[PDB]
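Encoded as structure tokens, the structure appears first; notes follow it.
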Amino acid sequence: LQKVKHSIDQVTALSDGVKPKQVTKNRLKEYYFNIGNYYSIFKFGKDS
Amino acid sequence: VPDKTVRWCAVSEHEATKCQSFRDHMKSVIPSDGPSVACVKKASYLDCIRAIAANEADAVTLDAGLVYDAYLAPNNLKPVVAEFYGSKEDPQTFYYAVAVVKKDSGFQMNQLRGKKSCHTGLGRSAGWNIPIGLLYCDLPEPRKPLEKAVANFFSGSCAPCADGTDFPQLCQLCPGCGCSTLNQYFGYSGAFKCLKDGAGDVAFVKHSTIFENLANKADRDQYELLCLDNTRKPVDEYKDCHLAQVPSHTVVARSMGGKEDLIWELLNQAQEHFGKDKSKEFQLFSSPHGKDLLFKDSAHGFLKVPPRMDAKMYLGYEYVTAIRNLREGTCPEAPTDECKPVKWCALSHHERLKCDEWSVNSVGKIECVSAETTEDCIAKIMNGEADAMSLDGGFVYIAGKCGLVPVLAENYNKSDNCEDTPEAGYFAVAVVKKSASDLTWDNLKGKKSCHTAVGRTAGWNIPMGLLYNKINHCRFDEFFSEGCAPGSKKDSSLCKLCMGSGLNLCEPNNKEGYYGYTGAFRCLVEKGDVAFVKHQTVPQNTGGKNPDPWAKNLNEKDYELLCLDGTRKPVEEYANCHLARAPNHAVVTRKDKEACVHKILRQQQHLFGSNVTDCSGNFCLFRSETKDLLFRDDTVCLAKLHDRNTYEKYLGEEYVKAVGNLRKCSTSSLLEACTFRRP
Amino acid sequence: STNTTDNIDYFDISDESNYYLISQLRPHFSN
Ligand SMILES: *[C@@H]1O[C@H](CO)[C@@H](O[C@@H]2O[C@H](CO)[C@@H](O)[C@H](O)[C@H]2NC(C)=O)[C@H](O)[C@H]1NC(C)=O
Ligand SMILES: *[C@@H]1O[C@H](CO)[C@@H](O)[C@H](O)[C@H]1NC(C)=O
Ligand SMILES: [Fe+3]
Ligand SMILES: [Fe+3]
């Protein structure tokens, strides 16, 4: 439950947000890798 | 909050750039649950130290001479990760301080007066403290404040981080003294640039700097270094004429909030991927735009600082005394006639009463400072708050590793000439009862054992070394079912049989009832199956000599002490059944207080020694109330040691080898902290 | 009525680094 609540708070916390339109390529890589990790925590936490 | 990012200090924009590159490339190889880097920018090192103290940053790397400015109040920092400078075959923690000059300038160390000098910073080790401390007592009075009289001794200089407003001569070569890489004269390469541009005549650096900046052998052939005994010498043979040795640069951190494990995790996983040329893409120890950023360039790996070692133990005693007497400015005289009184160390309130009574019965030569465990009191001798104490050989080994020497020994046999006659040492035995006649040295498994304390000779080293040859396990809570060994970890069964309460269980002092020799004999009488004590434990305690209730009913006959072959042999002849010879207890102290502890203790033992009868109603140094307070109760006199004052000399070869077979198994943190010093 | 437990797959372990968590449920990783 702690993992689910933290992942929801991180994704919605990024959706608050500054909303940059322009990123660098490595910033795009850690960008997609980052939010994909968070949603992965949400799915696994749901079934658990 | 992710709560595992590690914020960091940068001094200028170059170091901030390397910090951002370090963040980006350390984002890749670590999982997202792992630690990460955050970059916080400050203006100097001092603003960073105050930032870590005010919880705005977490770590920075700085010199040993700035560690002394770091651990002071209210900063209260602590070194956590050191680094080694050699190859990975031989890690070298120390490095060399050298003085590099132009060729054929024509002055030795004595003719140094009024020359232009290039220092690598105010308070750093190889630039400030060693060069000023060597020539320090030749300056004329007033010495205070230091950099004023240094500013008069030199005819123009550059010392970064000094006060340019209050002192112009320190900032005479440099236009304005700035604590950053943005200053072109700051740092190891900056001081060597101050020599190369000809604005300075002498520059003080470490040994590797001239090899880092110059790549042509003739450029190594011009510049020279001047020696301690006033000779020129080329720079390639830097091992002959180093000024002094210094400890490594260190990563500092807070004392309470830390956090140590996360810095060591981050720098460890950075070390394995980026440090020694594992990736050609990113370098941890170099950068194109600036050098010496975030770390040294001459470093080649990181080493963990053990958790017992604080800053005052990290720098050693000689270097802390050098930086303190250099900063304050005393330049000591040392007449050898008088001697200041000796600060004896005691422990846990049953030693302090008898120690204070001895401080008053002596005229004033003995004063008492105390601790709670003996590992704290050895460290308190190392730092300087204490002077001497009495230890058995198991701790004379540890304090011998930490840098203490033994001065006097204890004799345990009466003679007309005991002070001059050396004693061969006492015996270590195990004691069992007549009721358990099935017991054998071949089979002790699952039987209850009683020890004196962890780390002692007859209680710990001599039995568990032999059992280490038989079991081939380091752990001994598996072989024995239960037992009482004070000083162990609380989780073992070896504390589950001990008796003191509450929270004083297994405390290695006199607050535990089962501590020592006699307390282990109470372990055997009450709840144990075997005890490990000295050979004279049963005749002292049995026969109705103790006025305690547990010991008056005990007989000397019915106990019995077993040999190593399996034979069962009585107490009166110990010479059949002994496990090994153990050396006597010794009095240890530092090297500089060797002569004074010798004179004060021999002068002191002639008055209060063994010839004093009528003990109640007077004072006795050796006679105690059956608890072995400050000494062992059968000590007749303290033998003089000449030609044998070293732990490996005094302890003899067989016992040192016997502890060396138990070298990988001991869990005392103080031995680990004294063995990190060795490269 | 109820006297036994049929499911056990709540038992689990993570790594020594605590970076990857295994479940006994499908597919045992969030990755
Ligand atoms: C313990 O000390 C006693 C007395 O000091 C030793 O007895 C010695 O006995 C011999 C007999 O020939 C005398 O010549 C010596 O003068 C005595 N004294 C010394 C100091 O040797 C006894 O041998 C000692 N025992 C142990 C185990 O040390
Ligand atoms: C024994 O102690 C007394 C106490 O004053 C002293 O006078 C005497 O010299 C001592 N004897 C020896 C042999 O040390
Ligand atoms: Fe340095
Ligand atoms: Fe002993």
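Residues in the structure tokens are named by chain (A, B, ... in the order shown) and by number from 1 within that chain; ligands are numbered from 1 in the order shown.
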Kindly assemble as a Markdown table a list of the chain B residues that lie within 9 Å of ligand 4, each paired with its nearest atom pair and their distance in Å to one decimal, using only C-alpha atoms and all ligand atoms, sorted first by chain and then by ascending residue number.
```
| residue | atom | partner | partner_atom_place_in_ligand_line | distance |
| --- | --- | --- | --- | --- |
| B:391 | CA | ligand 4 | 1 (Fe) | 7.9 |
| B:392 | CA | ligand 4 | 1 (Fe) | 4.8 |
| B:393 | CA | ligand 4 | 1 (Fe) | 6.9 |
| B:394 | CA | ligand 4 | 1 (Fe) | 8.0 |
| B:426 | CA | ligand 4 | 1 (Fe) | 8.3 |
| B:428 | CA | ligand 4 | 1 (Fe) | 8.8 |
| B:452 | CA | ligand 4 | 1 (Fe) | 8.8 |
| B:456 | CA | ligand 4 | 1 (Fe) | 6.3 |
| B:457 | CA | ligand 4 | 1 (Fe) | 5.7 |
| B:458 | CA | ligand 4 | 1 (Fe) | 6.0 |
| B:459 | CA | ligand 4 | 1 (Fe) | 7.8 |
| B:516 | CA | ligand 4 | 1 (Fe) | 8.8 |
| B:517 | CA | ligand 4 | 1 (Fe) | 8.3 |
| B:533 | CA | ligand 4 | 1 (Fe) | 8.4 |
| B:534 | CA | ligand 4 | 1 (Fe) | 7.2 |
| B:582 | CA | ligand 4 | 1 (Fe) | 7.8 |
| B:583 | CA | ligand 4 | 1 (Fe) | 8.0 |
| B:584 | CA | ligand 4 | 1 (Fe) | 6.8 |
| B:585 | CA | ligand 4 | 1 (Fe) | 6.2 |
| B:632 | CA | ligand 4 | 1 (Fe) | 8.3 |
```
Item to check | Expected answer as a PyMOL selection string: chain A residues within 7 Å of chain C, only C-alpha atoms | outcome: chain A and resi 40-41+44
Tell me the residues of chain C close to chain B, meaning within 10 Å using only C-alpha atoms, as a PDB file with N, CA, C and O atoms, in the first residue's frame.
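iface.pdb, freshly written:
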```
ATOM      1  N   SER C  17      20.432  -6.633  -2.104  1.00  0.00           N
ATOM      2  CA  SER C  17      20.567  -5.208  -2.372  1.00  0.00           C
ATOM      3  C   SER C  17      19.254  -4.475  -2.129  1.00  0.00           C
ATOM      4  O   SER C  17      19.223  -3.239  -2.111  1.00  0.00           O
ATOM      5  N   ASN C  18      18.163  -5.220  -1.945  1.00  0.00           N
ATOM      6  CA  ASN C  18      16.774  -4.770  -1.838  1.00  0.00           C
ATOM      7  C   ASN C  18      16.366  -3.947  -3.053  1.00  0.00           C
ATOM      8  O   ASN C  18      15.587  -3.003  -2.906  1.00  0.00           O
ATOM      9  N   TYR C  19      16.875  -4.269  -4.243  1.00  0.00           N
ATOM     10  CA  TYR C  19      16.535  -3.491  -5.429  1.00  0.00           C
ATOM     11  C   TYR C  19      15.435  -4.167  -6.230  1.00  0.00           C
ATOM     12  O   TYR C  19      14.600  -3.491  -6.842  1.00  0.00           O
ATOM     13  N   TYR C  20      15.416  -5.493  -6.242  1.00  0.00           N
ATOM     14  CA  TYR C  20      14.436  -6.246  -7.003  1.00  0.00           C
ATOM     15  C   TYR C  20      13.637  -7.121  -6.059  1.00  0.00           C
ATOM     16  O   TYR C  20      14.209  -7.888  -5.278  1.00  0.00           O
TER      17      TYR C  20
END
```
Next on the checklist: Residues of chain B were defined as contacting chain A if any atom lay at most 10 Å from it, counting only C-alpha atoms; please report them as a ChimeraX atom specification.
Outcome noted: /B:1-2,24,27-28,32-33
Next on the checklist: Taking only C-alpha atoms and all ligand atoms into account, list the residues no farther than 6 Å from ligand 3, as a ChimeraX atom specification.
Outcome noted: /B:63,125,249
Just the selected residues (N, CA, C and O atoms), exported as a PDB file, in the first residue's frame, please.
```pdb
ATOM      1  N   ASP B  63      41.129  17.974   2.524  1.00  0.00           N
ATOM      2  CA  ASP B  63      42.382  17.538   3.134  1.00  0.00           C
ATOM      3  C   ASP B  63      42.224  17.141   4.594  1.00  0.00           C
ATOM      4  O   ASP B  63      41.212  17.407   5.237  1.00  0.00           O
ATOM      5  N   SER B 125      47.428  20.391   4.150  1.00  0.00           N
ATOM      6  CA  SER B 125      48.479  19.627   4.815  1.00  0.00           C
ATOM      7  C   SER B 125      49.844  19.867   4.191  1.00  0.00           C
ATOM      8  O   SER B 125      50.766  20.349   4.855  1.00  0.00           O
ATOM      9  N   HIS B 249      43.288  12.542   1.466  1.00  0.00           N
ATOM     10  CA  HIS B 249      42.071  13.338   1.427  1.00  0.00           C
ATOM     11  C   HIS B 249      40.899  12.471   1.845  1.00  0.00           C
ATOM     12  O   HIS B 249      40.926  11.251   1.683  1.00  0.00           O
TER      13      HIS B 249
END
```
Checklist entry - as a PyMOL selection string, which residues of chain A does DSSP assign to alpha helix (DSSP H)? => result chain A and resi 2-14+25-47
Item to check | Distance filter 6 Å around ligand 1, atoms: only C-alpha atoms and all ligand atoms, out as a ChimeraX atom specification | outcome: /B:413-415
Any chance you could export the current selection's C-alpha atoms as a short mmCIF file (atom, residue, chain, number, x, y, z; two decimals), in the first residue's frame?
```cif
data_model
loop_
_atom_site.label_atom_id
_atom_site.label_comp_id
_atom_site.auth_asym_id
_atom_site.auth_seq_id
_atom_site.Cartn_x
_atom_site.Cartn_y
_atom_site.Cartn_z
CA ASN B 413 55.89 -14.86 42.20
CA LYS B 414 57.53 -13.65 45.40
CA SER B 415 61.29 -13.22 45.60
#
```
Next on the checklist: as a ChimeraX atom specification, please: the residues near residue 45 (chain A) (cut-off 8 Å, only C-alpha atoms, same-chain neighbours under 4 positions excluded).
Outcome noted: /A:1,3-4,41
Got time to write the residues from that selection, N, CA, C and O atoms, as a compact mmCIF listing (two decimals), in the first residue's frame?
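Full text of result_37.txt as output:
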```txt
# COMPACT_ATOMS: atom_id res chain seq x y z
N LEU A 1 0.83 -1.20 0.00
CA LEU A 1 0.00 0.00 0.00
C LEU A 1 0.86 1.26 0.00
O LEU A 1 0.53 2.25 -0.67
N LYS A 3 3.83 1.45 -1.39
CA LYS A 3 4.38 1.58 -2.73
C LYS A 3 3.35 2.14 -3.71
O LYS A 3 3.70 2.97 -4.58
N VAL A 4 2.09 1.72 -3.59
CA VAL A 4 1.04 2.22 -4.48
C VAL A 4 0.80 3.70 -4.26
O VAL A 4 0.75 4.48 -5.22
N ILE A 41 5.23 -0.11 -10.83
CA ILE A 41 4.97 -0.23 -9.39
C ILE A 41 3.47 -0.21 -9.11
O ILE A 41 2.98 -0.95 -8.25
```
Selection within 9 Å of ligand 2 by only C-alpha atoms and all ligand atoms, output as a PDB file with N, CA, C and O atoms, in the first residue's frame:
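And here's result04.pdb as it stands now:
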```
ATOM      1  N   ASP B 416      63.115 -12.209  46.800  1.00  0.00           N
ATOM      2  CA  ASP B 416      63.858 -11.080  47.346  1.00  0.00           C
ATOM      3  C   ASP B 416      64.237 -10.097  46.248  1.00  0.00           C
ATOM      4  O   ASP B 416      64.324  -8.888  46.486  1.00  0.00           O
ATOM      5  N   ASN B 417      64.468 -10.603  45.039  1.00  0.00           N
ATOM      6  CA  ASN B 417      64.753  -9.775  43.877  1.00  0.00           C
ATOM      7  C   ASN B 417      63.704 -10.047  42.802  1.00  0.00           C
ATOM      8  O   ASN B 417      63.916 -10.868  41.910  1.00  0.00           O
ATOM      9  N   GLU B 419      62.001  -7.257  41.294  1.00  0.00           N
ATOM     10  CA  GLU B 419      61.953  -6.079  40.438  1.00  0.00           C
ATOM     11  C   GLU B 419      62.886  -6.229  39.245  1.00  0.00           C
ATOM     12  O   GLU B 419      62.609  -5.708  38.159  1.00  0.00           O
ATOM     13  N   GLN B 605      55.652   2.758  43.603  1.00  0.00           N
ATOM     14  CA  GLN B 605      55.471   1.402  44.115  1.00  0.00           C
ATOM     15  C   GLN B 605      56.382   1.128  45.300  1.00  0.00           C
ATOM     16  O   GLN B 605      56.181   0.148  46.024  1.00  0.00           O
ATOM     17  N   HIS B 606      57.411   1.956  45.505  1.00  0.00           N
ATOM     18  CA  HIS B 606      58.230   1.756  46.698  1.00  0.00           C
ATOM     19  C   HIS B 606      57.495   2.181  47.965  1.00  0.00           C
ATOM     20  O   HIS B 606      57.794   1.686  49.056  1.00  0.00           O
ATOM     21  N   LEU B 607      56.526   3.087  47.846  1.00  0.00           N
ATOM     22  CA  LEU B 607      55.825   3.564  49.032  1.00  0.00           C
ATOM     23  C   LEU B 607      54.600   2.719  49.341  1.00  0.00           C
ATOM     24  O   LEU B 607      54.327   2.414  50.505  1.00  0.00           O
ATOM     25  N   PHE B 608      53.843   2.345  48.314  1.00  0.00           N
ATOM     26  CA  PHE B 608      52.525   1.748  48.482  1.00  0.00           C
ATOM     27  C   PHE B 608      52.498   0.286  48.073  1.00  0.00           C
ATOM     28  O   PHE B 608      51.421  -0.271  47.854  1.00  0.00           O
ATOM     29  N   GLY B 609      53.657  -0.342  47.967  1.00  0.00           N
ATOM     30  CA  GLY B 609      53.751  -1.636  47.335  1.00  0.00           C
ATOM     31  C   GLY B 609      53.364  -2.782  48.240  1.00  0.00           C
ATOM     32  O   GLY B 609      52.385  -2.748  48.982  1.00  0.00           O
ATOM     33  N   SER B 610      54.171  -3.839  48.160  1.00  0.00           N
ATOM     34  CA  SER B 610      53.820  -5.095  48.801  1.00  0.00           C
ATOM     35  C   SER B 610      54.357  -5.205  50.219  1.00  0.00           C
ATOM     36  O   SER B 610      54.016  -6.164  50.918  1.00  0.00           O
ATOM     37  N   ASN B 611      55.191  -4.266  50.669  1.00  0.00           N
ATOM     38  CA  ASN B 611      55.723  -4.405  52.017  1.00  0.00           C
ATOM     39  C   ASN B 611      54.792  -3.761  53.026  1.00  0.00           C
ATOM     40  O   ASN B 611      54.989  -3.900  54.238  1.00  0.00           O
ATOM     41  N   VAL B 612      53.781  -3.038  52.546  1.00  0.00           N
ATOM     42  CA  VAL B 612      52.860  -2.370  53.448  1.00  0.00           C
ATOM     43  C   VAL B 612      51.903  -3.387  54.045  1.00  0.00           C
ATOM     44  O   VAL B 612      51.002  -3.902  53.370  1.00  0.00           O
TER      45      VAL B 612
END
```
